[PDB]
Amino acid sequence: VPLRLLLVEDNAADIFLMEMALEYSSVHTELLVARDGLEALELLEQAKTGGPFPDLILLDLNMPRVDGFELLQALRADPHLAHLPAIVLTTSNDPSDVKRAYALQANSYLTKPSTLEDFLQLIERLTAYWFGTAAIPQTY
């Protein structure tokens, strides 16, 4: 059974980097992609009625149509989505951005680091924590 990670990201290069970094993780992962918060809510809408939710959502803040703050609001307002772990992964390290993400009930916040090496290491640590150390809701 792969663990399903829903990545919400508008920039193709960030998706490519995530898919390459997940290959190095040594936790069996399947990447789902939404290009903005509107695609993410449509994908989650289908998961309700249909088959499996993602185990984890990673979202960027600055995305067209439905941005990350708007997606966090919508996740926490929907009683069928409120339990989904939602982690911000974004290039902003602005304290005001991190406080607001946490106030909108993001589970965690990760700054995209400044080297490829540190990005690969971040994805290894994200996956070791959320998919190894921590318990997360079952997709069942």
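Quick note: we count residues from 1 along the sequence shown, nothing fancier.
With 128-136 and 19-27 compared on mean CA B-factor from the PDB entry, the stretch scoring higher is 19-27. The mean Cα B-factor in the deposited entry runs higher for 43-51 than for the other of 71-79 and 43-51. Sort the modelled residues of the chain by CA B factor and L5 lands in the middle third. The deposited CA B-factor of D94 belongs to the highest third of values across its chain.
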